[PDB]
Each structure stands twice: as C-alpha cells, then as structure tokens.
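Participant: Take this structure first; my questions come after.
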Amino acid sequence: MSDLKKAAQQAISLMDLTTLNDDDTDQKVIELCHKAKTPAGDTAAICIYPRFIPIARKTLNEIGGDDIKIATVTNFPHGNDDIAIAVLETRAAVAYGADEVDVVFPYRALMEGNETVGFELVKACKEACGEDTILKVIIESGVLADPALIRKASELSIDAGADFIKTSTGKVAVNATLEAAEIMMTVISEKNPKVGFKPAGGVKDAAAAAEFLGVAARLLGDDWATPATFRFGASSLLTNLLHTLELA
Amino acid sequence: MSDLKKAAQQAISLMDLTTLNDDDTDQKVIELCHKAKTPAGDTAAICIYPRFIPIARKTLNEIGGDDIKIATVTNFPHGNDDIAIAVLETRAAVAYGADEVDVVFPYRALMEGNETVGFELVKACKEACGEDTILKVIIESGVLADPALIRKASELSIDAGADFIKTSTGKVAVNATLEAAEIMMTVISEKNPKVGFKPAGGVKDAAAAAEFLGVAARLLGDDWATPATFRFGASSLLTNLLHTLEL
Ligand SMILES: [Cl-]
Ligand SMILES: [Cl-]
Ligand code: NA
Ligand code: NA
C-alpha cells in the first residue's frame, strides 16, 4: 500500500538498526553493518555494544556506510543510579568513536521519588558526550507505566540536555507504546522541538511504524520527523519493512 | 616449604588476578575483586575486560581494594595489525578508568616479516595511554616460538614505549615458558631495567613461580622484581599458592 510503502521507506531511513545480545560477536556486527546498507537505502544508524564500535566503524567505512552513524548504549540495561559509573561508560563510548550514546535513565530512582539523580545523571553524561556526540536518554516508559512519570522523566531528561528521549531498552516486558509516544512528543513540543524521539521495541511492521510517525506528524508537524529528530530503534523490523516494499 | 612459601607469598603480591571469559558478568567480576583481597595479602592487580572496569573499581574501593590496580586487554586476543582499532580500544580502556592496558602485539605480522607494524601499533597505543596508564605488550611468545622473534618483538615493543612486556594472552596452546622469560628479561636488562616482565598463563604452582622469579633474580638482581617490574598473569594460580602457604 502506497501510504504503507511511504511509511516503510521513511522508517528505514530513520532506523537505528540494532543488535544487543549476550552472544554478539565481531562477525555478527559485521553482518549487521552490511544489513544496514539496505536495498531501500541506508539506515540512519546502527546500535551495538561499545566494544564492537571499532570493528563496526572500520566495516562501515569499507562498504559505503560512511554516513551511517554508530549508536551505542550505557548504564544499560539496568538504569542504575550511580552517576560515576554511567559517566565512565559514556566516556568510554565516546573514546571508542560512538556518534551517539543511548543512556538509561535511573527510572527506578524516579519511581521511588528521587527526581534529582535522574537529572544529574543525564546532565553528567551529556557533559561526557560534549557538543558533538548525540545523547539519547532511555526512560523505560514501559516500566514507568504511569503517564505522570513518563512525562516527568521526559522533562527532566530534556532540561538536563538530552538530544533525544527514547522509550525503552528492549530488555523489559513492555517497550515502545503509542501512549508513551503521545506523552513524550507532547513534552518535546512543549519544551524544545529540536529534541528527538526514538520509539524502541514494540514496532511490529509498517502499519505500526506508520502509527508512530502519524503521532509525530500530528503533534510536531508533517515535516518534523527527520534523522535529526526521529529514530526507530529496531532489531527485527527491517525485514518486514523490506517485504512491505516488496524487496529482499 | 620455606623457599616455596616465600615464592608463594611474593607471587601473590605480584599477581594480576585475571578473568577473561566470554561468559563473564558483573557478578563474576565482583567475586574476583573479593578474591583479590587474599588471606595472604592483596594481589597487585586484577585483569578484566574493559566494560567491567567501572563496577570493578567501585567494588575494590568499597572493600579495601583501593590500592589494587585494574588492568585490562586490548587488540585482544587476536593481535591483529589494524592500528586504528587497537588505539580506539586503548582510548576506551583509559576512559573506563584502567590503570594498565595489556595490548596484543601484531605477532602474526611479525612472523610474516613485518617489523614495522609491531613498532607502530605499540607506539600508537602507548600514546593513547596518556600519562597515567601504563602499557603492557603481549608478544605471544608461545606462538612466536623462535628465540630471534621473541627477542625482536621484545626489542620493538620496548623501543616503542612499552612499560611491560608480557608473554601470552592465555588464549593459545602455549603460554609462558621459561625459555621466553630468559630471552625477554635479557632484553630488559640490555635496554631498560625499568621495563617490567609479566609471565602469563602456564604458571602451575609455587615451584613454577619460584623458577620464573629465579630467572629474574639471576638476570636482573635479587631485588629487581617488584609490583612495578614483575607481575604474574594468572586465572588459576592463586588457590594453589594459598595451599602452599597453608591457607
Ligand atoms: Cl561493550
Ligand atoms: Cl569489553
Ligand atoms: Na551494561
Ligand atoms: Na577484542
């Protein structure tokens, strides 16, 4: 379907193609780099564990992937409230050569009533990134669950300097939801439309992708979603999108 | 045994207590930190994968392990000849908070006749260590095998700024040998006695530790081996040494 095909095409261009598994290997990351060069155009990025960034950058720069960004994760997936540890991991991610770092918000601390440590952790990790590395903040909306907490995590993250707010780690029972997307992009519209949104997990197919893009278009404008403002964090979405486009 | 127990005690004080397994976890690294606080005194260091450095430092600083160093590995275990990758990994190790980085020498390239990349990779990684992180260079002497190659990798590494030269990754068939130790510490005595030596893997027991220390004593002097100049890289030696000390 043309509406569906347009969504599939845009979703691929906005994808953070991800592999974050305990049994990941250089070989598997190399294969992911090749997969990022899709028949429908390059994805926006790949997302991998920090130690695989050097071989991924080497590989992308060998296969025409020079403009595919490398994102990684820190404070992950636990979202513990030790700022020092999150900062060290973020510094290492930057040193490996990450273009983007997706850090996990201390959501358990927020749920216990501590708003300060979330703000300070994001602020400290953004400082470790600098002006030239993107920081995405995973608020784990699927666990926060409560709309007020989702909103508060989003506000704290943006005030602390987040470049993106991201729904989920993909490691818990509930990942990206439309309900969370509504809240988070509303907060973005209220505070700073330069801040991006990243639904991660929970995006089945092109139809689901279209739904998330539809919320963005509605709240922030038809042209708002771009690689600089919107990413799909996905490990098993691309093949379905390619089938929607009748490829692979 | 008196001489044996003295060797065991010293070997513990010089140990880089190591865990480098594909199934390593935060929990296993925390347990290793506690194990480094041995009944015979603290080990010199622990050696773990870079991503575990932050939780290891937090743990050591909680449990009286403040003076136990954290070493890690880069370009590991392959010793590939891509300098850019080895340097990025070394920069990351430093950023994680490593006190020491054990980088693998491009030993296959040397066996193919390329001395240049060995020198250049060690030199670049030493630069990435900055001022506050020392560099150990793993030459994989058990694979180099030939005395000329073991000597050459040692010389190249030291000229390139290595703070230690280290026999092995522990991930190949042959690790530390007494023959390699002889050659490597002879090169140290020739060039710079401030450079350290680290036999890694294949140190069986107190008797074997005593043999390696005996080589150091003969080539460099009775008082030469210290935490700043000698480490045992070991993942399964400590329990044996404690049994020798009857602990
Ligand atoms: Cl990692
Ligand atoms: Cl690692
Ligand atoms: Na982690
Ligand atoms: Na490695």
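Residues are named by chain letter and number: chains run A, B, ... in the order of the structure tokens, numbers start at 1 in each chain, and ligands are numbered from 1 in the order shown.
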Counting only C-alpha atoms, what is within 12 Å of residue 37 of chain A, bar same-chain residues fewer than 4 positions away, as an NGL selection string?

Facilitator: :A and (12-13 or 15 or 17 or 30-33 or 41-46 or 59-69 or 238)

Participant: Include N, CA, C and O atoms and write out the residues we just selected as a compact mmCIF listing (two decimals), in the first residue's frame.

Facilitator:
```txt
# COMPACT_ATOMS: atom_id res chain seq x y z
N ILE A 12 12.76 3.07 7.31
CA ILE A 12 14.10 2.54 7.08
C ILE A 12 15.13 3.67 7.17
O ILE A 12 16.19 3.52 7.80
N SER A 13 14.81 4.81 6.55
CA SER A 13 15.72 5.96 6.56
C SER A 13 15.93 6.50 7.97
O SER A 13 16.91 7.19 8.24
N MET A 15 15.96 4.44 10.70
CA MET A 15 16.19 3.31 11.60
C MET A 15 17.57 3.31 12.26
O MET A 15 18.59 3.57 11.60
N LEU A 17 19.42 0.47 13.38
CA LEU A 17 19.36 -0.97 13.25
C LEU A 17 20.20 -1.56 14.37
O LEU A 17 21.38 -1.26 14.46
N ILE A 30 29.59 -7.29 11.96
CA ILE A 30 29.94 -7.07 10.54
C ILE A 30 28.74 -7.35 9.64
O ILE A 30 28.42 -6.55 8.74
N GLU A 31 28.05 -8.47 9.89
CA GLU A 31 26.84 -8.78 9.12
C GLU A 31 25.77 -7.71 9.29
O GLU A 31 25.07 -7.37 8.34
N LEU A 32 25.64 -7.18 10.50
CA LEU A 32 24.69 -6.09 10.74
C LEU A 32 25.04 -4.83 9.95
O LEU A 32 24.16 -4.14 9.43
N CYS A 33 26.34 -4.52 9.86
CA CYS A 33 26.79 -3.39 9.04
C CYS A 33 26.35 -3.54 7.59
O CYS A 33 25.87 -2.59 6.99
N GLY A 41 17.85 1.71 0.62
CA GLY A 41 18.66 2.82 1.09
C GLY A 41 19.28 2.54 2.44
O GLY A 41 18.89 1.58 3.11
N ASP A 42 20.24 3.36 2.86
CA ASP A 42 20.92 3.14 4.15
C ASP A 42 19.99 3.46 5.30
O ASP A 42 19.16 4.36 5.20
N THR A 43 20.15 2.74 6.41
CA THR A 43 19.52 3.15 7.66
C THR A 43 20.22 4.40 8.20
O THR A 43 21.28 4.77 7.72
N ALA A 44 19.61 5.06 9.17
CA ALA A 44 20.22 6.24 9.77
C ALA A 44 21.47 5.86 10.57
O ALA A 44 22.47 6.58 10.57
N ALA A 45 21.40 4.71 11.22
CA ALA A 45 22.43 4.30 12.17
C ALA A 45 22.40 2.80 12.41
O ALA A 45 21.48 2.11 12.00
N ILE A 46 23.42 2.31 13.11
CA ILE A 46 23.33 1.01 13.75
C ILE A 46 23.52 1.24 15.26
O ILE A 46 23.99 2.31 15.67
N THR A 59 34.23 -1.36 9.33
CA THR A 59 33.46 -2.09 8.32
C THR A 59 32.58 -1.14 7.52
O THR A 59 32.59 -1.17 6.30
N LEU A 60 31.84 -0.28 8.22
CA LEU A 60 31.00 0.71 7.54
C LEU A 60 31.82 1.59 6.59
O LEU A 60 31.39 1.89 5.47
N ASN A 61 33.01 1.99 7.02
CA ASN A 61 33.83 2.86 6.17
C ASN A 61 34.44 2.12 4.97
O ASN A 61 34.99 2.76 4.07
N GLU A 62 34.34 0.80 4.97
CA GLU A 62 34.83 -0.02 3.85
C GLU A 62 33.73 -0.35 2.85
O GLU A 62 34.01 -0.65 1.68
N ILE A 63 32.48 -0.29 3.29
CA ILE A 63 31.38 -0.77 2.45
C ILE A 63 30.37 0.30 2.02
O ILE A 63 29.26 -0.02 1.61
N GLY A 64 30.77 1.57 2.08
CA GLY A 64 29.88 2.63 1.61
C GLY A 64 28.94 3.11 2.71
O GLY A 64 27.95 3.79 2.44
N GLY A 65 29.28 2.77 3.95
CA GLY A 65 28.46 3.13 5.10
C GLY A 65 29.01 4.31 5.88
O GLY A 65 28.72 4.46 7.07
N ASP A 66 29.81 5.16 5.23
CA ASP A 66 30.48 6.25 5.94
C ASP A 66 29.49 7.19 6.64
O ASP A 66 29.80 7.72 7.71
N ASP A 67 28.30 7.35 6.08
CA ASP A 67 27.29 8.24 6.67
C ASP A 67 26.26 7.52 7.55
O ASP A 67 25.28 8.12 8.00
N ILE A 68 26.48 6.23 7.80
CA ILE A 68 25.66 5.51 8.76
C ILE A 68 26.28 5.73 10.13
O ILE A 68 27.44 5.40 10.33
N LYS A 69 25.51 6.31 11.05
CA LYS A 69 26.01 6.63 12.39
C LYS A 69 26.09 5.41 13.27
O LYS A 69 25.36 4.45 13.05
N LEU A 238 13.27 -4.39 10.18
CA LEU A 238 13.73 -4.12 8.81
C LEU A 238 13.26 -5.13 7.76
O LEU A 238 12.84 -4.74 6.68
```

Participant: Using only C-alpha atoms and all ligand atoms, which residues have at least one atom no more than 12 Å from ligand 1? Output them as an MDAnalysis selection string.

Facilitator: (chainID A and resid 20:26 47:54 72:76 89:90 92:93 96 98) or (chainID B and resid 22 24:25 49:54 89 92:93 96)

Participant: Deliver the residues from the most recent selection as a file, using N, CA and C atoms, as a tab-separated table (two decimals), in the first residue's frame.

Facilitator:
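Result saved to selection-v3.tsv:
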```tsv
chain	number	residue	atom	x	y	z
A	20	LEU	N	21.87	-6.14	20.23
A	20	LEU	CA	22.38	-6.01	21.60
A	20	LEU	C	22.15	-7.31	22.35
A	21	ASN	N	22.95	-8.32	22.01
A	21	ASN	CA	22.77	-9.66	22.57
A	21	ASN	C	24.01	-10.11	23.32
A	22	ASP	N	23.82	-10.97	24.32
A	22	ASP	CA	24.94	-11.51	25.09
A	22	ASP	C	25.91	-12.32	24.22
A	23	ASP	N	25.42	-12.88	23.12
A	23	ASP	CA	26.28	-13.73	22.31
A	23	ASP	C	26.69	-13.03	21.01
A	24	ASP	N	26.57	-11.70	20.98
A	24	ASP	CA	27.08	-10.93	19.85
A	24	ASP	C	28.60	-11.11	19.68
A	25	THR	N	29.05	-10.99	18.44
A	25	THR	CA	30.43	-11.24	18.04
A	25	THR	C	30.80	-10.22	16.97
A	26	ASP	N	32.10	-10.05	16.73
A	26	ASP	CA	32.54	-9.23	15.62
A	26	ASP	C	31.85	-9.64	14.31
A	47	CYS	N	23.10	0.28	16.06
A	47	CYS	CA	23.24	0.39	17.52
A	47	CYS	C	23.76	-0.92	18.05
A	48	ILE	N	24.92	-0.85	18.71
A	48	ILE	CA	25.66	-2.04	19.11
A	48	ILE	C	26.34	-1.77	20.45
A	49	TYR	N	26.83	-2.81	21.10
A	49	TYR	CA	27.57	-2.61	22.35
A	49	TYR	C	28.90	-1.90	22.07
A	50	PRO	N	29.39	-1.10	23.03
A	50	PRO	CA	30.60	-0.27	22.86
A	50	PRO	C	31.82	-1.01	22.28
A	51	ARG	N	32.10	-2.23	22.74
A	51	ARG	CA	33.33	-2.91	22.34
A	51	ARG	C	33.31	-3.27	20.86
A	52	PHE	N	32.14	-3.21	20.23
A	52	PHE	CA	32.08	-3.53	18.80
A	52	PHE	C	32.15	-2.29	17.92
A	53	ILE	N	32.22	-1.11	18.53
A	53	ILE	CA	32.28	0.11	17.73
A	53	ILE	C	33.52	0.18	16.79
A	54	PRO	N	34.73	-0.20	17.27
A	54	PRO	CA	35.84	-0.08	16.32
A	54	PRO	C	35.69	-0.95	15.08
A	72	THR	N	25.46	3.61	20.55
A	72	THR	CA	25.72	2.54	21.49
A	72	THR	C	24.92	2.82	22.76
A	73	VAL	N	25.05	1.96	23.76
A	73	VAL	CA	24.28	2.08	24.99
A	73	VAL	C	25.19	2.12	26.22
A	74	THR	N	24.76	2.86	27.24
A	74	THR	CA	25.48	2.92	28.51
A	74	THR	C	24.49	2.93	29.69
A	75	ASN	N	25.00	2.66	30.89
A	75	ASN	CA	24.15	2.45	32.07
A	75	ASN	C	23.07	1.41	31.77
A	76	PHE	N	23.44	0.41	30.97
A	76	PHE	CA	22.47	-0.42	30.25
A	76	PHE	C	22.54	-1.89	30.67
A	89	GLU	N	31.21	4.90	31.55
A	89	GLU	CA	30.80	4.13	30.39
A	89	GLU	C	30.56	5.04	29.20
A	90	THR	N	29.98	6.21	29.45
A	90	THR	CA	29.75	7.17	28.39
A	90	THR	C	31.07	7.72	27.83
A	92	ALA	N	33.87	6.12	27.80
A	92	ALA	CA	34.45	5.03	27.00
A	92	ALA	C	33.77	4.92	25.63
A	93	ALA	N	32.44	5.06	25.61
A	93	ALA	CA	31.70	5.00	24.35
A	93	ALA	C	32.18	6.08	23.38
A	96	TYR	N	35.66	5.10	22.07
A	96	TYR	CA	35.56	4.06	21.04
A	96	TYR	C	35.22	4.67	19.66
A	98	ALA	N	31.89	6.33	19.24
A	98	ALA	CA	30.43	6.39	19.06
A	98	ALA	C	30.01	7.76	18.54
B	22	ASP	N	34.19	-15.44	27.94
B	22	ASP	CA	33.04	-14.95	27.19
B	22	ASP	C	31.77	-14.88	28.03
B	24	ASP	N	31.73	-14.01	31.23
B	24	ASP	CA	31.94	-13.11	32.37
B	24	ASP	C	30.75	-12.18	32.54
B	25	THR	N	30.49	-11.82	33.79
B	25	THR	CA	29.38	-10.98	34.20
B	25	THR	C	29.85	-10.04	35.31
B	49	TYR	N	37.93	-7.61	31.36
B	49	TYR	CA	37.56	-6.92	30.12
B	49	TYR	C	37.15	-5.47	30.43
B	50	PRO	N	37.39	-4.56	29.46
B	50	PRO	CA	37.19	-3.12	29.67
B	50	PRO	C	35.81	-2.75	30.23
B	51	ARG	N	34.76	-3.40	29.76
B	51	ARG	CA	33.41	-2.99	30.16
B	51	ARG	C	33.15	-3.26	31.64
B	52	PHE	N	33.96	-4.10	32.26
B	52	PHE	CA	33.78	-4.37	33.69
B	52	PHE	C	34.61	-3.47	34.58
B	53	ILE	N	35.40	-2.59	33.99
B	53	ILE	CA	36.26	-1.73	34.80
B	53	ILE	C	35.48	-0.82	35.78
B	54	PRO	N	34.38	-0.18	35.33
B	54	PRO	CA	33.69	0.70	36.28
B	54	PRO	C	33.13	-0.02	37.52
B	89	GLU	N	40.41	1.01	21.08
B	89	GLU	CA	40.16	0.14	22.23
B	89	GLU	C	40.98	0.62	23.42
B	92	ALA	N	39.46	3.73	24.88
B	92	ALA	CA	38.27	3.38	25.65
B	92	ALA	C	38.64	2.80	27.02
B	93	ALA	N	39.64	1.92	27.04
B	93	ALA	CA	40.14	1.34	28.29
B	93	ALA	C	40.56	2.42	29.27
B	96	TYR	N	37.48	4.24	30.59
B	96	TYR	CA	36.78	3.43	31.59
B	96	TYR	C	37.43	3.56	32.97
```

Participant: Show me which residues sit within 8 Å of ligand 4 when counting only C-alpha atoms and all ligand atoms, and put them as a list in words.

Facilitator: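 Result of the 8 Å neighbour search around ligand 4: residues 51 of chain A; 73, 74, 75, 76, 77 and 78 of chain B.
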
Participant: Filtering to N, CA, C and O atoms, could you give me those residues as a PDB file, in the first residue's frame?

Facilitator:
```
ATOM      1  N   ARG A  51      32.101  -2.226  22.741  1.00  0.00           N
ATOM      2  CA  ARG A  51      33.329  -2.907  22.344  1.00  0.00           C
ATOM      3  C   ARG A  51      33.311  -3.266  20.861  1.00  0.00           C
ATOM      4  O   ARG A  51      34.343  -3.604  20.301  1.00  0.00           O
TER       5      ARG A  51
ATOM      6  N   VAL B  73      42.614  -5.599  28.741  1.00  0.00           N
ATOM      7  CA  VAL B  73      43.251  -6.055  27.500  1.00  0.00           C
ATOM      8  C   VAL B  73      42.677  -5.342  26.283  1.00  0.00           C
ATOM      9  O   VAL B  73      41.480  -5.016  26.240  1.00  0.00           O
ATOM     10  N   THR B  74      43.526  -5.093  25.292  1.00  0.00           N
ATOM     11  CA  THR B  74      43.044  -4.534  24.023  1.00  0.00           C
ATOM     12  C   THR B  74      43.759  -5.214  22.858  1.00  0.00           C
ATOM     13  O   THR B  74      44.767  -5.890  23.054  1.00  0.00           O
ATOM     14  N   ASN B  75      43.220  -5.024  21.658  1.00  0.00           N
ATOM     15  CA  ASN B  75      43.663  -5.736  20.465  1.00  0.00           C
ATOM     16  C   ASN B  75      43.674  -7.239  20.743  1.00  0.00           C
ATOM     17  O   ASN B  75      44.532  -7.950  20.256  1.00  0.00           O
ATOM     18  N   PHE B  76      42.690  -7.698  21.522  1.00  0.00           N
ATOM     19  CA  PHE B  76      42.759  -8.987  22.209  1.00  0.00           C
ATOM     20  C   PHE B  76      41.640  -9.937  21.780  1.00  0.00           C
ATOM     21  O   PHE B  76      40.493  -9.497  21.590  1.00  0.00           O
ATOM     22  N   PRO B  77      41.951 -11.243  21.646  1.00  0.00           N
ATOM     23  CA  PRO B  77      43.284 -11.837  21.810  1.00  0.00           C
ATOM     24  C   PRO B  77      44.049 -11.918  20.494  1.00  0.00           C
ATOM     25  O   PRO B  77      45.183 -12.409  20.475  1.00  0.00           O
ATOM     26  N   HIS B  78      43.420 -11.449  19.418  1.00  0.00           N
ATOM     27  CA  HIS B  78      43.886 -11.712  18.049  1.00  0.00           C
ATOM     28  C   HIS B  78      45.269 -11.158  17.703  1.00  0.00           C
ATOM     29  O   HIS B  78      45.995 -11.756  16.898  1.00  0.00           O
TER      30      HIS B  78
END
```

Participant: Write out as a PyMOL selection string all residues of segment 42-224 of chain B that backbone DSSP assigns to strand (DSSP E).

Facilitator: chain B and resi 42+45-47+69-74+100-104+134-138+164-166+196-198

Participant: The selected residues should be written to file as a compact mmCIF listing (two decimals), in the first residue's frame (atoms: C-alpha atoms).

Facilitator:
```txt
# COMPACT_ATOMS: atom_id res chain seq x y z
CA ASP B 42 46.27 -8.09 48.33
CA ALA B 45 46.07 -6.00 40.33
CA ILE B 46 43.10 -7.61 38.69
CA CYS B 47 42.77 -8.06 34.93
CA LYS B 69 45.25 -1.83 40.22
CA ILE B 70 42.88 -2.60 37.37
CA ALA B 71 44.45 -3.91 34.18
CA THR B 72 42.58 -4.74 31.02
CA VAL B 73 43.25 -6.06 27.50
CA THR B 74 43.04 -4.53 24.02
CA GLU B 100 47.05 -0.58 32.98
CA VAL B 101 46.36 -1.79 29.44
CA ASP B 102 47.76 -5.11 28.13
CA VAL B 103 47.72 -4.81 24.32
CA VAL B 104 48.42 -7.72 21.98
CA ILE B 134 50.88 2.03 31.79
CA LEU B 135 51.08 -0.21 28.73
CA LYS B 136 51.94 -3.91 28.83
CA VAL B 137 52.64 -5.56 25.49
CA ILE B 138 51.62 -9.17 24.93
CA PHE B 164 55.94 -4.10 30.45
CA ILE B 165 56.43 -6.97 28.08
CA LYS B 166 54.12 -9.90 28.65
CA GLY B 196 58.60 -4.85 33.57
CA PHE B 197 58.11 -8.53 32.78
CA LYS B 198 54.86 -10.49 33.04
```

Participant: Record the distance separating atom CA of residue 175 of chain B and atom CA of residue 109 of chain B, expressed in Å with one decimal.

Facilitator: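 Atom-to-atom, atom CA of residue 175 of chain B to atom CA of residue 109 of chain B, that is 18.9 Å.
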
Participant: Quick one: residues within 9 Å of residue 163 of chain A, only C-alpha atoms, excluding same-chain residues fewer than 4 positions away - as a ChimeraX atom specification?

Facilitator: /A:126,134-137,157-158,194-197,229

Participant: Next, the residues of the selection above should be written as an mmCIF file, in the first residue's frame with N, CA and C atoms.

Facilitator:
```cif
data_model
loop_
_atom_site.group_PDB
_atom_site.id
_atom_site.type_symbol
_atom_site.label_atom_id
_atom_site.label_comp_id
_atom_site.auth_asym_id
_atom_site.auth_seq_id
_atom_site.Cartn_x
_atom_site.Cartn_y
_atom_site.Cartn_z
ATOM 1 N N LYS A 126 25.737 13.956 29.472
ATOM 2 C CA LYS A 126 25.761 14.871 28.327
ATOM 3 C C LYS A 126 27.083 15.627 28.299
ATOM 4 N N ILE A 134 25.822 12.834 20.150
ATOM 5 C CA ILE A 134 24.397 12.819 20.499
ATOM 6 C C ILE A 134 24.145 11.987 21.748
ATOM 7 N N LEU A 135 23.367 12.512 22.694
ATOM 8 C CA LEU A 135 22.930 11.705 23.831
ATOM 9 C C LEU A 135 21.445 11.412 23.754
ATOM 10 N N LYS A 136 21.086 10.136 23.667
ATOM 11 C CA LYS A 136 19.685 9.754 23.768
ATOM 12 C C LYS A 136 19.463 9.232 25.175
ATOM 13 N N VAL A 137 18.324 9.550 25.773
ATOM 14 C CA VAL A 137 18.055 9.068 27.130
ATOM 15 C C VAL A 137 16.885 8.096 27.125
ATOM 16 N N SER A 157 14.891 14.860 31.507
ATOM 17 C CA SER A 157 15.923 14.493 30.539
ATOM 18 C C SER A 157 16.207 15.658 29.605
ATOM 19 N N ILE A 158 15.155 16.313 29.130
ATOM 20 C CA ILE A 158 15.341 17.446 28.239
ATOM 21 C C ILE A 158 16.006 18.630 28.953
ATOM 22 N N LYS A 194 13.627 20.685 19.002
ATOM 23 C CA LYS A 194 14.913 20.217 18.483
ATOM 24 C C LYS A 194 15.239 18.857 19.074
ATOM 25 N N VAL A 195 14.599 18.532 20.191
ATOM 26 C CA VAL A 195 14.817 17.239 20.830
ATOM 27 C C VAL A 195 14.128 16.134 20.027
ATOM 28 N N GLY A 196 14.842 15.043 19.778
ATOM 29 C CA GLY A 196 14.265 13.949 19.025
ATOM 30 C C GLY A 196 13.564 12.897 19.868
ATOM 31 N N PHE A 197 12.779 12.072 19.184
ATOM 32 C CA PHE A 197 12.054 10.971 19.798
ATOM 33 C C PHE A 197 12.501 9.653 19.164
ATOM 34 N N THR A 229 15.708 14.117 14.263
ATOM 35 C CA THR A 229 14.635 14.224 15.257
ATOM 36 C C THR A 229 13.843 12.940 15.553
#
```

Participant: Would you mind reading off the distance between atom CA of residue 184 of chain A and atom CA of residue 5 of chain A, one decimal, in Å?

Facilitator: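 Those two atoms sit 25.9 Å apart.
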
Participant: What gap, in Å, lies between atom CA of residue 200 of chain B and atom CA of residue 151 of chain B?

Facilitator: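 One can read the atom CA of residue 200 of chain B to atom CA of residue 151 of chain B distance as 17.1 Å.
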
Participant: I'd like the contact shell of residue 189 of chain B - 12 Å cut-off, only C-alpha atoms, skipping same-chain residues fewer than 2 positions apart - returned as a ChimeraX atom specification.

Facilitator: /B:154-155,158,181-187,191-197,215-221,224,229

Participant: Please, which residues of segment 12-241 of chain A, numbered as in this document, come out helix (DSSP H, G or I) from DSSP, as a count of residues only?

Facilitator: 107

Participant: What's the 10 Å shell around segment 5-19 of chain B, counting only C-alpha atoms, without same-chain residues fewer than 3 positions away, as a ChimeraX atom specification?

Facilitator: /B:1-2,22,24,28-29,32-33,35-36,38,40-49,68-72,198,200-201,205-214,225-238,240-246

Participant: For each of A:84, A:94, A:207, A:103, take the minimum atom-to-atom distance to ligand 3, counting only C-alpha atoms and all ligand atoms, then give the residue where this is smallest.

Facilitator: A:103

Participant: Write out as JSON, numbers by chain the residues lying within 10 Å of residue 200 of chain A, counting only C-alpha atoms and excluding same-chain residues fewer than 2 positions away.

Facilitator: {"A": [15, 16, 18, 138, 140, 166, 167, 168, 169, 170, 175, 176, 177, 197, 198, 202, 203, 231, 232, 233, 234, 235]}

Participant: From the options A:150, A:56, A:104, A:111, which residue's atoms come nearest to residue 171 of chain A, counting only C-alpha atoms?

Facilitator: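 Going through A:150, A:56, A:104, A:111 one by one, the smallest distance to residue 171 of chain A is for A:104.
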